[PDB]
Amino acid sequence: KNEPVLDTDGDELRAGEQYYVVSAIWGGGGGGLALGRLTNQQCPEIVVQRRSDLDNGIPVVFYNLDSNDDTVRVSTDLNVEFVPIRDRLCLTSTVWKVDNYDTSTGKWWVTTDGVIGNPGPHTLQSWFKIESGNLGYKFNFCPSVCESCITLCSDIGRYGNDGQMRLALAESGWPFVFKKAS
């Protein structure tokens, strides 16, 4: 039983509850996370952070490994899905997922069209951990759903690309806090 993940009201995060994922840095930290697109790619949508502090972005929900635990805890494999307020053009899912390696930038981006549940080698790319910190919570991609799978193991940092703040694997991660969509 790992320590539960807490939101800005000090309440524990619950699976299936909507939360905005906002930058923990108060003062020049940017807003929350949302969806964007690329010049050469409308679908699936990529994960971006808002530049503006005013925009908390799009809420997410968290899915736990077992559907019978309803507490979000540190160091535990999670599915992350954007819950858009309105329907979207793309038919891809809005579930976070580590992309294939981008040879044009050398980065492993966070994109969508992941999958919910069914842990193991088929859904490996859709599993994320939340790790605690001094500044706040930081996302970590290091899935344990497949003990014999070779996997990347790294924090999720933030990195500009063609005018948008994207998420990608990095040595040091970007800190976030969680705000109820209430």
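Just count from 1 along the sequence shown to find any residue number.
For the segment pair 23 to 31 and 128 to 136, the entry gives 128 to 136 the higher mean B-factor, averaged over Cα atoms. Taking the PDB entry as given, 9 to 17 carries the higher mean Cα B factor of the two stretches 9 to 17 and 168 to 176. Between the residues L38, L65, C153, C149, the entry's highest C-alpha temperature factor is the one at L65.
Remark: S52 belongs to the middle third of its chain, ranked by C-alpha B-factor as recorded. The deposited CA B-factor of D87 belongs to the highest third of values across its chain. When the CA B factors of the chain's modelled residues are split into thirds, the value for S93 lands in the middle one. Ranked against the other modelled residues of its chain, the C-alpha B-factor of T71 as given in the entry falls in the highest third. When the CA B factors of the chain's modelled residues are split into thirds, the value for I46 lands in the lowest one.
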